Structure formats: C-alpha cells, structure tokens
C-alpha cells in the first residue's frame, strides 16, 4: 500500500529534520547558517516552523523572494528541500544546489555542505568540502569547523596548524568568536574524526572558558573522552566552574559521573539529584533519570516513573529514549512485559536510524501476528503526529 508508506515517509522527514538541526547546533552552526534566522520573513518562518501545505507555501514564498534579490533566502530554501525531500518529488536538491553554484551565488557552497551533512555523504566529499570552505572562510565562520574536520579526517597535522593560526589571527582581529574556537576545539577533541589533538583542545578551551562558560563543560567532557590527562580533581573543578556559570549541562555530566561510577564511586541518589536540576533545561536529564528508574539503580525499580521520564525525553527530541522504552517493555527485570508497546517503541526508535535500533526492531516484531503489527504501526504514526503537534519553570 503505497498510500500510507508515502505518508510514513513524510513523517519520517519530520523526525529526521529535528535530529539534523540538533546535530548541526551541537557542531557549531548558528541559526543563520542553517536557515533559521514580507514573503521573505513569512516564507522562512514557515519553512522552519508544519503541514505539507506550509512546506509548499513556504517553497513558493521563498522561490519568489529569491528572484527578487532578497538575501537570506537560498539557505532557507535549500534546507526546506534537504529536510523534507519526500514533500518535493519535483526537486532534486543536489542538482538545484549545483545550479546555484554555477550561477555564482555566495551561499551555494554552504548549501552544498549542508547537503553532504544531511544526506550523509560527507566522508565521500572531503575534497569538495575543503575547496568550498577555503573560499568562503572569511565570510562564513562555520568553515573553520569544517576545515578542522577535514584536516582531522585527512589526518593532516600541518594544514591544521596553519588553520588554527588563521583562526587565532582572526580572534586577534576580532573576526572569530569564542563559540567558534570552542567548536573548533571540540573538533580537535573528537576521537571519531581520526587522530585527536586533545591537549591543543585543552589549551584552546582554558583560554576561552572564563568568558564563554559553556567551555567548562567542554573541558569536563574533554577529560571524560581522554581520561588520561586530568584527574578527578580537574574534572570536578571544570564542573564546579560550570555549575557556577549556571550551565545546566554541568549538572548533566556530573550526574552521569555518579551514574557510571568510572571516575568516582557509583552513587545512585546523587545522580538523580544532579540530573533533577537539569530537568526542564536539558532534554537528556529526563532520559538519564529514566534509565536509573529502569535499571532499578536506586536499589529498586520504578516502572511508571521510568516510562514517564523516558517518554518526555522522546517527545522532546532525545534520540535514545524510544529505544529505552522498548527495552523497558521487553526485558522485564521489574517491569511486566508488553509486546505491543515494545514493538511501537522499537519502531519509533528505528526512525533514529541506527543499526542498534534496526537490530532491536526486528527482534521485537518477531512475536507479533500480522494484525498486531498493523495495529502497532497505527500507533507509531498516531504518536509521531502528536509529537509534531507539540512549559513551566522553577525557583
């Protein structure tokens, strides 16, 4: 039935677009850089708002303002196509972006880079990235992050030192902010990108933390990932600096420490205490509080709390909560099993697109009859709809 399958696809663009935003933000991209900043204002508001009517109203509103020399319309349009392709059968984003590059539009290369990042082909075009970004570097500060990424994957130490000096030189001249430097540093401290320059990442971070406090968290997180160049003494210092600056993520990582007890003696109620303070400021809090209640870590197991907090996180964009809610309903260990919910949530976790999620979704659909599967699939979409359709503060 290509009727619903083509409905499930449009709702899959929706969860995938949210994840792409979160990953671009984590990486350092500003809202301007990801296309979130008359027909111009409107067509842009709509594209990043939405129903398939708004996606199409957005396209046209943008496509027009474009022809009429309205800057800040190309990135917004490219994101629309890249984030909801199943809403645009008429378009082939890559060709569209290839046209704009040929035309000479300044923001084309950036659009082209957002392309490799959204579709997942980055590693195949490190050369094209390098080229696009060397040319836009003095006009698009996010390119410092992309070149540092390239020089990390291409394992090119020399080019990185030149880049870093260009970046420092720009700090001196006032053309580079502390957030860029922080982002570049986190690139240098990414064991995933190849051969990390952790110490350089540290030198960079320490200079900027006093005035860009999110760096205390980056520093703490940098020790966690390279445990061998700082003591619990430091860790706890960077974290204190973080707590003092009012950085909710400081509470988050601190509670994670007492949760895995690999840096300090595993302590159950302390972590809950710490994660609790990030609740409402960091979606992961709800997720880490959900695990504790699922694994019964506080000596005992609390089913309804675990679901409650795990669902909240899943409904707020947490890419791992649905997977967990699946495990909660299947592994027993305190929680009575429920095959249907297990399925529905392992299917929702599939949308996050991970082998782990695939591997779990096939095991949990195995127990269902063809009717239950169609029922559960009915629930999957009902639930995705609700998320799309969607506060209170303490003190």
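Numbering follows the first chain given and starts at 1.
**Q** So residue 49 and residue 50 are neighbours in the shown sequence, but is anything from the deposited sequence left out between them? Give the count as none, 1 to 3, 4 to 9, or 10 or more.
**A** Missing in between: 1 to 3 residues.
**Q** Which class fits the unmodelled deposited stretch between residue 37 and residue 38: none, 1 to 3, 4 to 9, or 10 or more?
**A** Per the deposited record, the segment joining residue 37 and residue 38 lacks coordinates for 10 or more residues.
**Q** If you average the Cα B factors in the entry, which is higher, 254 to 262 or 138 to 146?
**A** Higher of the two, by average CA B-factor, is 254 to 262.
**Q** If you average the CA temperature factors over each stretch, which comes out higher, 178 to 186 or 150 to 158?
**A** On average, C-alpha B-factors are higher across 150 to 158.
**Q** For the listed residues 234, 320, 312, 221, which one has the largest C-alpha B-factor as given in the deposited model?
**A** Going by the entry's C-alpha B-factors, 234 comes out highest.
**Q** Just the C-alpha B-factor column, please: which of 327, 341, 354, 33 has the biggest number?
**A** The C-alpha B-factor peaks, among 327, 341, 354, 33, at 354.
**Q** Is the Cα B-factor recorded for residue 275 in the lowest, middle or highest third of its chain?
**A** For residue 275, the deposited C-alpha B-factor lands in the middle third.
**Q** Which third of the chain does residue 210 land in by C-alpha B-factor: lowest, middle or highest?
**A** CA B-factor rank for residue 210: lowest third.
**Q** Looking at the temperature factor on the CA atom of residue 285, which third of the chain's modelled residues does it land in?
**A** According to the entry, residue 285 has a C-alpha B-factor in the chain's lowest third.
**Q** Thinking about Cα B factors across the chain, which third does residue 163 belong to?
**A** Bottom third by C-alpha B-factor.
**Q** Residue 368's Cα B-factor: lowest, middle or highest third of the chain?
**A** As the PDB entry reports it, the C-alpha B-factor of residue 368 lands in the middle third of its chain.
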